[PDB]
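Visitor: Before anything else, here's the structure in question.
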Amino acid sequence: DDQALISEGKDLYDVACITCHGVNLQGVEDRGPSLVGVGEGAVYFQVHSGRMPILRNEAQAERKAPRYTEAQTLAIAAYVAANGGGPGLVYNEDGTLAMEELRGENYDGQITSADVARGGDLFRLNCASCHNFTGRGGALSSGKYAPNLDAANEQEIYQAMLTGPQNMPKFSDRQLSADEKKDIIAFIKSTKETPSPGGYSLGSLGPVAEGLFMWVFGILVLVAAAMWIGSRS
Amino acid sequence: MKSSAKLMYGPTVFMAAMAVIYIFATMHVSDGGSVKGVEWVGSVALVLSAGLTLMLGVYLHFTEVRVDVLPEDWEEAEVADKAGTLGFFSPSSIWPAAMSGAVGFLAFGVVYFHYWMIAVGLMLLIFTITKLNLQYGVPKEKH
Amino acid sequence: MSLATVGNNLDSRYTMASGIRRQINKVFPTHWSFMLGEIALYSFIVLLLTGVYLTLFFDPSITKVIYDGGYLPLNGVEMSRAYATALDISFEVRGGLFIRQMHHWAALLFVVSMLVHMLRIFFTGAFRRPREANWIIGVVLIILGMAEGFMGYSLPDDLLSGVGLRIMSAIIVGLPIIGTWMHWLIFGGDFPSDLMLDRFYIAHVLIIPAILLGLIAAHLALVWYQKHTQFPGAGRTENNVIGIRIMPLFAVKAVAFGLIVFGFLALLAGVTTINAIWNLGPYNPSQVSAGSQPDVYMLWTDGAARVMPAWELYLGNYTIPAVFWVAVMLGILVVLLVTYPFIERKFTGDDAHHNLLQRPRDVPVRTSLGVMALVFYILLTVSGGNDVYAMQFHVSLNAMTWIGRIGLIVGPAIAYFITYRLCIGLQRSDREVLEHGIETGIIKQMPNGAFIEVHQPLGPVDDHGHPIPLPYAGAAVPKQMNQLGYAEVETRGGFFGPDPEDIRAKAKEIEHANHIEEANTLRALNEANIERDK
Amino acid sequence: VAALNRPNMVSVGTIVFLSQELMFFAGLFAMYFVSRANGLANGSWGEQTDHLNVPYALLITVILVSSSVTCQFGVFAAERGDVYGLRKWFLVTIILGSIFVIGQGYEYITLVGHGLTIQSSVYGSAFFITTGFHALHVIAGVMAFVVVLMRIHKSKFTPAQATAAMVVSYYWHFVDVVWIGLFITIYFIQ
Amino acid sequence: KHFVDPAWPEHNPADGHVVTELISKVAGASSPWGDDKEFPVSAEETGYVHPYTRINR
Amino acid sequence: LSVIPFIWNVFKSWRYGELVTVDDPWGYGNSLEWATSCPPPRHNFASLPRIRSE
Amino acid sequence: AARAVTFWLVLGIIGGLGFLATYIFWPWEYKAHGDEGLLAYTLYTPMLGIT
Ligand code: HEC
Ligand code: HEM
Ligand code: HEM
């Protein structure tokens with residue numbers, strides 16, 4: 001099954017990626033890195049989230065609407081895997097890519113809150129420095145930034161942790177084991193998918209959003225009330 | 001407003017004739033170096049361009065059959081004919097600049113697509129437009 | 001009724017009849033500016049009461065517990081007793097979250113209300129003699145209000161508060177003789193310390209509230225003693241106040257504006273989340289977030305630390321760190337604000353007993369310096385928040401720091417230039433109206449073809465048929481004809497239909513009669529001022 | 001003798017503006033019809049177009065034309081100098097316009113409820129852009145009526161306010177006309 | 001009969017009309033304060049009160 | 001480089017240029033704007049000529 | 001004028017009664033992400049503060 005999939009992988013690779021990665025994935029001098037040994041997971045992350053192709057050299061690549069569908073993504077990943085392998089996709093017990101089954105070490109049918117606690121402390125330890133407390137993203141040096149984690153599915157999160165896309169450090173499966181990674185996924189999805197008890201969240205950016213809101217519009221409405229109650233002379 | 005009401009009939013009829021000619025042409029001529037078949041972009045534009053000019057012309061004519069022999073159109077009018085009030089004109093107003101800034105804020109909001117910027121931009125925009133339209137009718141200070 | 005008996009019994013003992021008469025008859029001007037300060041006062045009231053409700057649940061202890069409360073996503077997580085009790089306020093107490101958010105929003109409203117009130121005082125010139133004492137008191141208040149609010153949000157010992165506490169301690173230790181000694185004095189040891197949160201708790205709930213309450217009491221007492229300033233206007237002089245008496249028509253408006261601010265706070269406290277501590281986790285010194293700025297009113301002193309170009313001195317066995325210079329800068333910035341009326345005196349060359357306010361257009365230097373300080377403060381603020389700004393609006397983080405650096409020099413100059421020229425243009429428009437009359441906007445063509453705009457004079461007209469210029473008086477000049485009454489409705493009634501015509505005519509007649517009567521009384525009052533001044 | 005009858009300058013201005021806006025809607029029409037021309041090859045159009053609800057469309061069309069009728073009764077009241085009749089009919093028009101906005105909103109909510117959005121198909125994108133821009137126009141028209149009511153509440157009813165009411169009526173009539181065009185295109189000519 | 005705002009100018013419909021969607025008696029826009037007015041007016045008729053005021057020296 | 005004299009010429013003529021006395025310094029202005037003052041007044045016309053041709 | 005004042009007065013009466021009802025009867029205890037009744041818990045503070 002994979003042997004014929006690799007052919008479509010090659011056909012798609014020849015028509016898009018050579019200009020940056022070479023016919024033999026060796027890379028190009030300043031135009032793109034070598035893809036030997038990156039594996040299925042890096043290709044899946046890069047193509048499925050739509051980061052590749054990169055049509056402009058920049059401080060950082062951008063997520064966008066993907067140029068290929070799922071089957072084409074797996075075909076290109078199979079072709080790249082044939083050149084040296086690498087980290088692999090997390091296949092579930094039936095053979096499909098794992099989605100919604102990575103939400104915690106002890107997932108049954110709903111997010112276990114103990115996993116959420118451990119994953120919250122893990123995310124605060126490692127991930128929250130570049131992203132923020134709830135994964136709303138953050139800034140870096142010279143025009144680079146850490147994206148907001150609301151866009152990615154669970155497989156993309158796992159392969160992001162595994163591969164270290166551009167400036168993200170790698171988190172191998174022996175630094176952060178599968179239980180730790182799945183608890184991190186559980187915490188990310190819990191924070192994403194739970195409404196704030198205290199009303200509208202103001203984006204959860206912290207003091208900046210709350211400040212801007214009050215110190216512009218909250219005081220503006222009260223001076224409007226004062227003008228209603230007072231006089232202009 | 002007689003001459004300008006009626007001179008608009010040339011452009012509109014020319015555009016309408018070009019629209020029908022073009023629709024028949026692209027739907028029939030199977031020339032090499034091109035593909036047969038009616039194209040809707042362009043034809044729709046031509047018919048509604050004829051529509052714009054026809055709307056202008058017909059409204060102006062429909063109005064002009066009402067008005068009198070204005071001295072600006074009378075070929076031997078004297079300067080004393082138009083003596084009187086010409087009309088009301090705004091002396092000054094800060095609100096055009098304000099609502100330009102409001103539209104700018106809204107446009108920047110849709111650039112980055114921060115939803116709060118879009119909402120605040122629309123609110124600020126209707127506020128500035130309202131302040132523009134009520135400028136010469138705000139009530140006197142109520143004691 | 002027995003109310004008379006109560007009043008009799010009171011006054012036969014305390015003899016308050018003379019005094020309370022004098023109190024109720026005091027006159028207060030009615031400008032819209034002149035209740036900005038009340039907003040701050042009302043916010044302070046709310047700050048007190050909601051704070052007192054939060055103290056029945058908060059436990060200011062840095063010693064740990066394994067959490068087992070209602071917030072399931074942190075069961076088993078070892079956390080400080082402060083953080084655990086804040087979580088129990090948020091989740092285990094009915095409506096404690098509502099209250100905690102109201103306390104925080106009240107803090108933000110309090111500080112910004114002080115800021116805008118102070119801006120009014122600065123621009124209108126109300127700080128001048130004899131009232132500069134109220135400036136020296138007031139500036140101290142707006143310092144302490146921030147100092148309190150900072151340590152107020154430091155108490156829960158969450159991850160976002162402890163980093164600010166870390167920053168404060170690390171700034172204190174860097175001072176060039178006594179930094180280590182002052183740190184060990186304040187914190188009782190190295191940071192984090194056992195006695196830290198209890199010293200800050202008592203400083204937050206007892207000390208600084210007591211001082212703020214005393215200073216606010218003195219402030220309001222002084223404002224009441226020497227009566228409120230006023231803007232120049234018809235019949236107004238340096239030796240009188242025109243407005244309304246403190247009751248019935250002013251006290252009820254004060255109550256009503258208190259109600260409005262109170263309810264506004266209760267709305268925005270339930271509808272917008274503020275400081276969602278439950279997803280920050282407890283503090284431990286090894287962890288940090290990308291967006292970890294202090295509260296909004298502290299962002300300026302963050303931004304200073306962001307824009308200082310790392311100049312550090314080494315002297316043998318000693319070193320002055322690079323963060324000493326931001327302390328010097330912020331201290332200079334605070335000194336300038338504290339001592340402003342006297343450096344205004346020394347260059348303005350006057351020491352008069354002003355009671356009438358200056359419109360900000362008429363004092364271009366001071367208002368230009370005020371806008372200059374505003375842009376300086378705003379650049380400090382947004383430089384403090386540039387981590388978020390660069391992430392959201394996609395401007396490079398280095399470019400934001402350099403924008404802050406170079407802007408704190410350049411942007412103030414541009415602000416001064418533009419503000420000065422705009423103020424001069426405003427007062428030029430005022431003079432243009434006062435020497436040519438209002439431009440109605442009605443344009444008429446003469447028999448010669450000349451296009452003329454009929455101008456509507458304010459003062460008398462010379463026999464040539466043109467206004468005689470009036471001297472500018474500092475009071476606002478009307479610039480349009482809708483501000484003289486000429487656009488007021490002639491019809492009377494509600495929606496969907498009119499009043500009967502007899503009621504209509506009689507009501508309009510009484511309305512116009514009153515409109516001329518008030519004009520007559522103000523005109524006679526002004527003529528009496530002229531006679532009494534000679 | 002009385003003065004000449006001269007053209008109403010503000011009426012010429014608003015008519016020129018509406019003639020301009022007609023070419024704004026020309027672009028959306030062209031995009032929709034190019035989409036339809038592409039789709040009719042595969043027959044996929046004939047499937048996606050079966051998601052729509054034409055009787056609900058007829059009901060909201062009836063509501064909007066009723067809004068137009070009420071608006072012009074208000075205009076007759078205005079030219080007679082009667083402010084209260086103007087207030088009556090313009091408030092009724094505001095109500096009907098708000099009901100049309102709610103009609104389109106509920107249409108969208110149900111449509112995303114049963115499997116049509118912008119991402120679902122080219123039909124989804126064409127349908128929603130074409131109807132949503134007109135929805136924004138209807139919202140702006142209701143806002144214009146409310147601003148007119150502010151004006152005639154605050155100011156004395158002179159000819160300057162009567163022509164303002166007359167001018168906003170032109171915009172609302174243009175909105176009704178372009179709705180009729182859009183309805184005939186999308187629900188009938190489809 | 002219908003109500004008429006008394007700010008409305010008087011006219012005879014039998015030989016004309018006051019304003020319509022198409023035509024008006026002005027080249028530009030009508031006065032917000034009424035074309036029937038005749039500006040300027042007297043100082044006291046204006047309703048304005050000019051303040052005399054002085055400041056300390 | 002060509003625009004340097006243009007910018008300098010506009011800047012200098014605005015602030016110290018030769019003053020214009022007559023209504024039409026070029027002499028033979030045909031259009032109506034050359035009958036009025038230089039600059040015009042606020043409302044463009046202190047008097048309208050008898051207009052009878054182009 | 002009497003009608004205009006009494007309208008806001010009755011609005012305040014129903015607002016305060018709605019507050020007491022929401023404070024007393026509205027569900028207020030914590031609900032996890034997967035729990036039924038999460039909607040009520042996530043509207044408890046907003047509803048009571050609104051009214
Ligand atoms: C700064 C050194 C980082 C740390 C620590 C972590 N990540 Fe990150 N992440 C970082 C960058 C610069 C980027 C963008 C990469 C790119 O090529 O665009 C990312 C991206 C992710 C993503 C993808 C998000 C998306 O929208 O596709 C995920 C899911 C992600 N990162 C997760 C993640 C986790 C769970 C981390 C802790 C284990 C973590 N990252 C650390 C920078 C940094
Ligand atoms: C919590 C802090 C404060 C409170 C509660 C407060 C309260 C008040 C009140 C109610 C008034 C009278 C009404 C009004 O002017 O609007 C007033 C006036 C005044 N305020 Fe404040 N204020 C505070 C802070 C300040 C600050 C920060 C300054 C200046 C740095 C200041 C200086 C003054 C002065 C000088 C007056 C009198 C001016 C005049 O009489 O016109 N106050 N204050
Ligand atoms: C009687 C006076 C006061 C008391 C008793 C009091 C009490 C408290 C307590 C116990 C806390 C921590 C518990 C919690 O997080 O809910 C707190 C937090 C806070 N206080 Fe106060 N306070 C008082 C006055 C003030 C003042 C005057 C200000 C502002 C100048 C202020 C600003 C804050 C802020 C911003 C917080 C953080 C709120 C949060 O993080 O949820 N407080 N207060």
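Identifiers for the structure tokens are assigned positionally: chains receive A, B, ... in sequence, residues are indexed from 1 per chain, and ligands are indexed from 1 in the order shown.
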Can you build me a table of chain G residues sitting at most 6 Å from chain A, with the closest atom pair per residue and its distance in Å to one decimal, using only C-alpha atoms, sorted by chain and residue number, as a tab-separated table?
Guide:
```
residue	atom	partner	partner_atom	distance
G:33	CA	A:194	CA	5.6
G:34	CA	A:110	CA	5.9
G:42	CA	A:197	CA	4.5
G:46	CA	A:199	CA	5.4
```
Visitor: Chain E: which residues are alpha helix (DSSP H) by DSSP, as JSON, numbers by chain?
Guide: {"E": [43, 44, 45, 46]}
Visitor: Using the selection just defined, write its residues with C-alpha atoms as a short mmCIF file (atom, residue, chain, number, x, y, z; two decimals), in the first residue's frame.
Guide:
```
data_model
loop_
_atom_site.label_atom_id
_atom_site.label_comp_id
_atom_site.auth_asym_id
_atom_site.auth_seq_id
_atom_site.Cartn_x
_atom_site.Cartn_y
_atom_site.Cartn_z
CA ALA E 43 -27.49 92.26 19.90
CA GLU E 44 -30.18 91.82 22.56
CA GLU E 45 -32.33 89.89 20.07
CA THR E 46 -29.40 87.45 19.80
#
```
Visitor: Provide as an MDAnalysis selection string the residues of chain D at most 9 Å from chain E, counting only C-alpha atoms.
Guide: chainID D and resid 2:12 75 77 79:85 155:163 166:167
Visitor: Using only C-alpha atoms and all ligand atoms, what are the residues with an atom within 7 Å of ligand 2, set out as number ranges by chain?
Guide: C: 33-38, 40-41, 44, 110, 114-115, 117-118, 121, 126-127, 131-132, 134-136, 138-139, 141-142, 216, 219-220, 223, 227-230
Visitor: Export, as a compact mmCIF listing (two decimals), in the first residue's frame, the selected residues with N, CA and C atoms.
Guide:
```txt
# COMPACT_ATOMS: atom_id res chain seq x y z
N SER C 33 -16.56 69.04 34.01
CA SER C 33 -15.25 68.69 34.54
C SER C 33 -15.30 68.49 36.05
N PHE C 34 -16.12 69.26 36.74
CA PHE C 34 -16.02 69.42 38.19
C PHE C 34 -16.66 68.29 38.96
N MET C 35 -16.87 67.12 38.34
CA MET C 35 -17.21 65.91 39.08
C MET C 35 -16.35 64.73 38.65
N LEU C 36 -15.31 64.94 37.83
CA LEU C 36 -14.34 63.89 37.58
C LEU C 36 -13.74 63.39 38.88
N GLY C 37 -13.39 64.30 39.79
CA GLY C 37 -12.85 63.89 41.07
C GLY C 37 -13.80 63.02 41.86
N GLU C 38 -15.10 63.30 41.76
CA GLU C 38 -16.09 62.49 42.45
C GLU C 38 -16.03 61.03 42.01
N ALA C 40 -13.35 59.29 41.23
CA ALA C 40 -12.29 58.69 42.02
C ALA C 40 -12.76 58.42 43.44
N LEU C 41 -13.46 59.39 44.02
CA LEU C 41 -13.97 59.22 45.39
C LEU C 41 -14.91 58.02 45.49
N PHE C 44 -13.06 54.83 45.29
CA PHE C 44 -12.40 54.55 46.56
C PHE C 44 -13.36 53.95 47.57
N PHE C 110 -10.39 53.68 39.74
CA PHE C 110 -9.88 54.64 40.71
C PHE C 110 -8.63 55.33 40.19
N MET C 114 -8.31 59.26 38.96
CA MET C 114 -7.32 60.19 39.50
C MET C 114 -6.50 60.81 38.38
N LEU C 115 -6.11 60.02 37.38
CA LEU C 115 -5.29 60.55 36.30
C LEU C 115 -6.02 61.64 35.53
N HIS C 117 -8.71 63.40 36.47
CA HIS C 117 -8.95 64.52 37.36
C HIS C 117 -7.71 65.40 37.46
N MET C 118 -6.54 64.79 37.61
CA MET C 118 -5.30 65.55 37.68
C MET C 118 -5.03 66.27 36.36
N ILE C 121 -7.03 69.36 36.45
CA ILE C 121 -6.41 70.34 37.35
C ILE C 121 -5.21 71.00 36.68
N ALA C 126 -6.04 75.02 37.80
CA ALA C 126 -6.62 75.08 39.14
C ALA C 126 -5.60 74.87 40.24
N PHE C 127 -4.38 74.42 39.92
CA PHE C 127 -3.35 74.22 40.92
C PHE C 127 -2.77 75.52 41.46
N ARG C 131 -4.32 77.18 45.95
CA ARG C 131 -4.71 75.78 45.96
C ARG C 131 -3.56 74.82 45.67
N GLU C 132 -2.31 75.30 45.61
CA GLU C 132 -1.20 74.40 45.32
C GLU C 132 -1.03 73.32 46.39
N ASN C 134 -3.42 71.56 47.64
CA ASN C 134 -4.22 70.45 47.15
C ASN C 134 -3.49 69.70 46.05
N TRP C 135 -2.64 70.39 45.28
CA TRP C 135 -1.80 69.68 44.31
C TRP C 135 -0.78 68.80 45.02
N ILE C 136 -0.11 69.33 46.04
CA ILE C 136 0.93 68.55 46.71
C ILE C 136 0.33 67.35 47.43
N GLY C 138 -2.55 65.93 46.41
CA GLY C 138 -3.15 65.08 45.41
C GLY C 138 -2.14 64.22 44.68
N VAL C 139 -0.98 64.79 44.36
CA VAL C 139 0.06 64.01 43.69
C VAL C 139 0.50 62.85 44.57
N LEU C 141 -1.38 61.31 46.70
CA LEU C 141 -2.44 60.31 46.58
C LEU C 141 -2.26 59.46 45.34
N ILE C 142 -2.04 60.09 44.18
CA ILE C 142 -1.96 59.29 42.96
C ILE C 142 -0.67 58.50 42.89
N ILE C 216 -7.36 61.91 51.66
CA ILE C 216 -8.56 62.25 50.91
C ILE C 216 -9.48 63.11 51.76
N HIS C 219 -8.05 66.47 51.73
CA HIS C 219 -8.20 67.04 50.40
C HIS C 219 -9.60 67.62 50.21
N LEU C 220 -10.62 66.82 50.50
CA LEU C 220 -12.00 67.28 50.34
C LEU C 220 -12.30 68.42 51.31
N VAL C 223 -10.84 71.53 49.81
CA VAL C 223 -11.64 71.98 48.67
C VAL C 223 -12.91 72.66 49.15
N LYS C 227 -13.39 77.88 48.41
CA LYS C 227 -14.46 77.40 47.55
C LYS C 227 -13.94 77.08 46.15
N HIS C 228 -14.74 76.32 45.42
CA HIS C 228 -14.32 75.78 44.14
C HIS C 228 -14.06 76.89 43.13
N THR C 229 -13.06 76.68 42.28
CA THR C 229 -12.81 77.59 41.17
C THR C 229 -13.95 77.52 40.17
N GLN C 230 -13.91 78.41 39.18
CA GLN C 230 -14.92 78.41 38.13
C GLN C 230 -14.34 78.99 36.86
```
Visitor: Taking only C-alpha atoms and all ligand atoms into account, which residues are within 9 Å of ligand 1, as a PyMOL selection string?
Guide: chain A and resi 45-46+49-51+60-63+122-131+135+137-140+144-162+164-171+176+181+184-185+188
Visitor: With a cut-off of 8 Å and counting only C-alpha atoms, select all residues of chain B in contact with chain F and give the selection as a ChimeraX atom specification.
Guide: /B:75-76,78-79
Visitor: May I have the residues from that selection written out with N, CA and C atoms, as a PDB file, in the first residue's frame?
Guide:
```
ATOM      1  N   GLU B  75     -29.272  82.170 -22.130  1.00  0.00           N
ATOM      2  CA  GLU B  75     -28.061  82.568 -22.843  1.00  0.00           C
ATOM      3  C   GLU B  75     -27.783  84.067 -22.787  1.00  0.00           C
ATOM      4  N   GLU B  76     -28.736  84.889 -22.347  1.00  0.00           N
ATOM      5  CA  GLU B  76     -28.567  86.338 -22.224  1.00  0.00           C
ATOM      6  C   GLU B  76     -29.030  86.816 -20.850  1.00  0.00           C
ATOM      7  N   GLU B  78     -28.667  88.394 -17.002  1.00  0.00           N
ATOM      8  CA  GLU B  78     -27.973  89.481 -16.329  1.00  0.00           C
ATOM      9  C   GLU B  78     -27.588  89.050 -14.921  1.00  0.00           C
ATOM     10  N   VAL B  79     -26.540  89.681 -14.386  1.00  0.00           N
ATOM     11  CA  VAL B  79     -26.055  89.325 -13.058  1.00  0.00           C
ATOM     12  C   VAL B  79     -27.099  89.593 -11.979  1.00  0.00           C
TER      13      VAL B  79
END
```
Visitor: If we count only C-alpha atoms, which residues of chain G reach to within 9 Å of chain C? Please list them as a PyMOL selection string.
Guide: chain G and resi 23+28-32+44-51
Visitor: Considering only C-alpha atoms, return as a list in words whatever protein or nucleic-acid residues lie within 12 Å of residue 53 (chain E), sequence-local ones (same chain, fewer than 5 positions apart) excluded.
Guide: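 Listing them by chain and then by number gives residues 231, 232, 233, 234, 235, 236, 237, 238, 239, 240, 355, 356, 357, 471, 472, 473, 474, 475, 525, 526, 527, 528, 529, 530, 531, 532 and 533 of chain C.
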Visitor: For chain D, work out the contacting residues on chain B at 10 Å, counting only C-alpha atoms, and write them as a short mmCIF file (atom, residue, chain, number, x, y, z; two decimals) with N, CA and C atoms, in the first residue's frame.
Guide:
```
data_model
loop_
_atom_site.label_atom_id
_atom_site.label_comp_id
_atom_site.auth_asym_id
_atom_site.auth_seq_id
_atom_site.Cartn_x
_atom_site.Cartn_y
_atom_site.Cartn_z
N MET B 1 -30.84 72.83 -16.21
CA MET B 1 -30.15 71.50 -16.22
C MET B 1 -30.59 70.67 -17.43
N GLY B 37 -18.03 30.74 -25.55
CA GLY B 37 -18.86 30.73 -24.36
C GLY B 37 -19.07 32.11 -23.77
N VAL B 38 -20.31 32.39 -23.36
CA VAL B 38 -20.63 33.68 -22.76
C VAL B 38 -19.83 33.85 -21.47
N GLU B 39 -19.22 35.02 -21.32
CA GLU B 39 -18.57 35.41 -20.08
C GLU B 39 -19.48 36.38 -19.34
N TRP B 40 -19.70 36.12 -18.06
CA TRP B 40 -20.62 36.94 -17.29
C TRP B 40 -19.95 38.17 -16.71
N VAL B 41 -18.72 38.02 -16.21
CA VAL B 41 -17.93 39.20 -15.88
C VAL B 41 -17.68 39.96 -17.17
N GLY B 42 -17.81 41.27 -17.10
CA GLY B 42 -17.74 42.11 -18.28
C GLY B 42 -19.09 42.42 -18.88
N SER B 43 -19.89 41.39 -19.18
CA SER B 43 -21.24 41.64 -19.67
C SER B 43 -22.11 42.24 -18.57
N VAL B 44 -22.06 41.67 -17.37
CA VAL B 44 -22.78 42.25 -16.23
C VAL B 44 -22.30 43.67 -15.97
N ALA B 45 -20.99 43.88 -16.05
CA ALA B 45 -20.44 45.21 -15.83
C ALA B 45 -20.93 46.20 -16.87
N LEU B 46 -20.97 45.79 -18.14
CA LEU B 46 -21.43 46.69 -19.19
C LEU B 46 -22.90 47.05 -19.02
N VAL B 47 -23.74 46.05 -18.72
CA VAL B 47 -25.16 46.35 -18.58
C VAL B 47 -25.41 47.25 -17.38
N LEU B 48 -24.72 47.01 -16.25
CA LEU B 48 -24.96 47.87 -15.09
C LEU B 48 -24.23 49.21 -15.19
N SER B 49 -23.23 49.34 -16.06
CA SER B 49 -22.68 50.66 -16.36
C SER B 49 -23.67 51.48 -17.18
N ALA B 50 -24.26 50.84 -18.19
CA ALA B 50 -25.40 51.45 -18.88
C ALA B 50 -26.50 51.79 -17.88
N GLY B 51 -26.69 50.94 -16.88
CA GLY B 51 -27.67 51.22 -15.85
C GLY B 51 -27.35 52.47 -15.06
N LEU B 52 -26.08 52.65 -14.68
CA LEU B 52 -25.68 53.84 -13.93
C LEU B 52 -25.95 55.10 -14.75
N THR B 53 -25.46 55.12 -15.99
CA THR B 53 -25.65 56.32 -16.81
C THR B 53 -27.12 56.55 -17.12
N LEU B 54 -27.90 55.48 -17.30
CA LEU B 54 -29.32 55.64 -17.56
C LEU B 54 -30.05 56.16 -16.34
N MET B 55 -29.67 55.70 -15.15
CA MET B 55 -30.26 56.23 -13.92
C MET B 55 -29.99 57.72 -13.81
N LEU B 56 -28.74 58.13 -14.04
CA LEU B 56 -28.42 59.55 -14.00
C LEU B 56 -29.25 60.33 -15.01
N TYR B 59 -33.16 60.34 -14.21
CA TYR B 59 -33.51 61.18 -13.07
C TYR B 59 -33.36 62.65 -13.41
N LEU B 60 -32.27 63.01 -14.10
CA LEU B 60 -32.06 64.41 -14.44
C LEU B 60 -33.15 64.92 -15.38
N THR B 63 -36.43 65.31 -13.49
CA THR B 63 -36.40 66.53 -12.70
C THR B 63 -36.52 67.77 -13.57
N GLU B 64 -35.84 67.78 -14.72
CA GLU B 64 -35.70 69.00 -15.50
C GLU B 64 -37.02 69.40 -16.14
N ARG B 66 -39.63 69.62 -14.62
CA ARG B 66 -40.30 70.40 -13.58
C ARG B 66 -39.75 71.82 -13.46
N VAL B 67 -38.43 71.99 -13.57
CA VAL B 67 -37.81 73.27 -13.21
C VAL B 67 -38.15 74.33 -14.26
N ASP B 68 -37.94 75.59 -13.87
CA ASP B 68 -38.26 76.74 -14.70
C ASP B 68 -37.05 77.09 -15.58
N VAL B 69 -37.10 78.26 -16.21
CA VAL B 69 -36.03 78.73 -17.10
C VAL B 69 -35.02 79.45 -16.21
N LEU B 70 -34.08 78.69 -15.65
CA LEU B 70 -33.13 79.27 -14.71
C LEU B 70 -32.21 80.26 -15.43
N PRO B 71 -31.77 81.32 -14.74
CA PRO B 71 -30.93 82.31 -15.44
C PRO B 71 -29.56 81.80 -15.81
N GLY B 84 -30.03 87.20 -4.38
CA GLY B 84 -30.80 86.58 -3.32
C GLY B 84 -29.94 85.58 -2.59
N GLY B 87 -27.95 79.69 -0.93
CA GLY B 87 -28.15 78.47 -0.16
C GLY B 87 -27.29 78.48 1.08
N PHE B 88 -27.40 77.40 1.84
CA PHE B 88 -26.64 77.22 3.07
C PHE B 88 -25.44 76.33 2.81
N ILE B 126 -20.36 55.14 13.32
CA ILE B 126 -21.72 55.66 13.34
C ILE B 126 -21.81 56.85 14.29
N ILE B 129 -20.50 59.83 12.26
CA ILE B 129 -21.47 60.20 11.23
C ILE B 129 -22.65 60.92 11.85
N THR B 130 -23.15 60.43 12.99
CA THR B 130 -24.26 61.09 13.67
C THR B 130 -23.87 62.50 14.10
N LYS B 131 -22.67 62.66 14.66
CA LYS B 131 -22.23 63.99 15.05
C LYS B 131 -22.09 64.91 13.84
N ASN B 133 -24.07 64.72 11.15
CA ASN B 133 -25.40 65.04 10.64
C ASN B 133 -26.20 65.93 11.59
N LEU B 134 -25.83 65.99 12.87
CA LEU B 134 -26.52 66.81 13.85
C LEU B 134 -25.78 68.10 14.18
N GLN B 135 -24.77 68.48 13.40
CA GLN B 135 -23.89 69.58 13.78
C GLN B 135 -24.67 70.89 13.94
N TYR B 136 -25.46 71.25 12.93
CA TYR B 136 -26.19 72.51 12.92
C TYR B 136 -27.58 72.39 13.49
N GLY B 137 -27.81 71.40 14.36
CA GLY B 137 -29.09 71.24 15.01
C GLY B 137 -28.97 70.75 16.44
N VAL B 138 -27.77 70.81 17.02
CA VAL B 138 -27.64 70.43 18.43
C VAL B 138 -28.40 71.44 19.28
N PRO B 139 -29.17 71.03 20.29
CA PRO B 139 -29.93 72.03 21.06
C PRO B 139 -29.02 72.99 21.81
N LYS B 140 -29.53 74.19 22.03
CA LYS B 140 -28.85 75.15 22.88
C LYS B 140 -28.71 74.59 24.29
#
```
Visitor: Report as an NGL selection string which protein, DNA and RNA residues come within 7 Å of ligand 3, using only C-alpha atoms and all ligand atoms.
Guide: :C and (44 or 47-49 or 51-52 or 54-55 or 58 or 86 or 89 or 100-101 or 103-104 or 107 or 110-111 or 145-146 or 148-150 or 152-153 or 155-156 or 204-206 or 209 or 275)
Visitor: Which of these residues is nearest to residue 12 (chain A), using only C-alpha atoms: A:228, A:68, A:215, A:187?
Guide: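 Among the listed residues, the smallest separation from residue 12 (chain A) belongs to A:68.
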Visitor: Have a look at CA of residue 143 (chain A) and CA of residue 399 (chain C) and let me know their distance in Å, one decimal.
Guide: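 Separating CA of residue 143 (chain A) from CA of residue 399 (chain C) is a distance of 8.5 Å.
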